[PDB]
Each structure stands twice: as C-alpha cells, then as structure tokens.
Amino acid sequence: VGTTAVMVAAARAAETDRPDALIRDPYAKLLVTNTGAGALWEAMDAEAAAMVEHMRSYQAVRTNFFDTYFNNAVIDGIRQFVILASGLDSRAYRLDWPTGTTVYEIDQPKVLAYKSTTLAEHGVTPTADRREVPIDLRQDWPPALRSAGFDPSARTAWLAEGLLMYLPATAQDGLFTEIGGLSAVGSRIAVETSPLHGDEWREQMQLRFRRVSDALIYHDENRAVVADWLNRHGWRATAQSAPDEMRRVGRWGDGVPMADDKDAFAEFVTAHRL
C-alpha cells in the first residue's frame, strides 16, 4: 500500500476519533495500524499547525462529498458502483447498500490483498456484493471489469478519488474515454481533479509536515480541464471547488499558506452520462 493511501486513511481515522466528526470510517484505524506508515501519521508554528488541521479537514470534507454522491446515487436507483483506485477506501463496507447492489473495486492486486486480509484478521467482511478487479488502470482494464460481472448497459456510479493527480495527462484522457465507453445513459461520475497550479502546495505541506514530524511528478500545464473535457465527450458536468465545499460546511482554515489561490486545490466534478 502506497504512502498516500495510508495518509488519507489516517486522516479519516483522526476525524472519526473526534466527538464532532463530519464522517465516521470505523475501518480506517484498522487499516493504518496494520501497515506501520500510519503510526507517524497517527502522531501528526501557526502555519505548521494550520497545515495539519487542513489535512484532516480536507480529507473529512472530501470524504463527506463523495459519500453524499454515492448515497444520492443509491437514492436515484443506481445499483452498480465502481470505485477506481480504491486503495484503503472502506465505502464497500461502511455505507448502506440496498440488496442487489454491486460495488466493484479496481486497484493493483497487492493493494486489494492488503485491505481484504487486514480486514479479515479483524473479523470484517462486507454485507454488500463487493467485487475486486485487480488490474493497472493504465493498462487494458475494461475487459477485467467486464469479466468480474460489470454490466455496461446498467446505470453506473463511478468514483475517482485521489487518482488523477497521480496519472500522466495522457492517461487521464484515456481513462475517461474508457469510462464513457462503459457507461449507460444515466450513469454518473464524481472525480477529484488535479489542482490547476498545484505541485508547490505539496512542497510547502511536506516542509510544514517535516517540521512537525521532526518536532505530483505528473503536474502538467497541458492537462485537460476535467469538467470541460467531460462536457464535450457525452456528459453533463459541473465543478465544486474544494475550498468552496470546505467553506460550505464550516471547515475552511484560511491560515493555510496559499489559501488565496483556488488553483492550489482540487475541484470535485460530478457528471451525468447523456
């Protein structure tokens, strides 16, 4: 399991531990105890303190947003779900799924094997029909999803959280093209975008975090804007900036360095298949 998957799960666990938790992920602590990279994250000036609080609050707010997305898709009748680069995401276990729901998780084999074995050791199994699809998303992944039982003629709700900024710009286009190819009318997708001007934030966040601890290689100016791309390849797409969403729920901390550039932060794009 990669460092990023652990860090975001540790953030979810930290949120879950608070009385005022925005989201509750009963499985995040379990998943970050059993790697060892989360002991440091478990442990973690004004700007330095604000960055740690931002890490937790950003992850809480992003988690709440994508939870709401899936929950609204269930309400709307959708019964086929796909979590792309699912990492340590426990939504297949912790959200309420109606009978007849299928939830596909796509990630590399070892990531999926870690989550399943780790959960099993704690007596945790899903009640929903959860289906693993072990494959690299830069490779020919549609046949793998299809052989796992996926029905392209059924409405699908797709999720791509914490993924795009870790894929080259050319790979993003290919991913979305394949997704459109597998999506029935009325399908939806929610996506966390790669920040418009945003590899500098990771540096200043690493710097503030390195001081707290001691105490995007694919950034591309040519990357397609996600809402714009979806809106000309068969979707109706809208964007909510992460800062706007954080402010919406009273979780934005303006003490964070780069607070005034909206381009240092992701957007949350939701789209409907035409």
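Numbers for residues come from their place in the sequence shown, where the first is 1.
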Next on the checklist: Neighbours in the displayed sequence, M44 and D45 may still hide a gap; how many deposited residues lack coordinates there, none, 1 to 3, 4 to 9, or 10 or more?
Outcome noted: 10 or more
Checklist entry - Can you say how many deposited residues have no coordinates in the span between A215 and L216, choosing none, 1 to 3, 4 to 9, or 10 or more? => result 10 or more
Item to check | Stretch with the greater mean C-alpha B-factor as recorded in the entry, comparing 19-27 against 250-258 | outcome: 250-258
Next on the checklist: Please compare 205-213 with 226-234 and name the stretch with the higher mean C-alpha B-factor in the deposited structure.
Outcome noted: 205-213
Checklist outcome for this item: Of the three thirds of Cα B-factor ranks in this chain, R138 occupies the highest
Checklist entry - What third of its chain, lowest, middle or highest, does the C-alpha temperature factor of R56 fall into? => result lowest
Checklist entry - Going by the entry, which third of its chain does the Cα temperature factor of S241 land in? => result middle
Next on the checklist: Can you tell me whether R130 has a C-alpha B-factor in the lowest, middle or highest third compared with the other modelled residues of the same chain?
Outcome noted: middle
Checklist outcome for this item: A49: CA B-factor among chain residues, third -> lowest
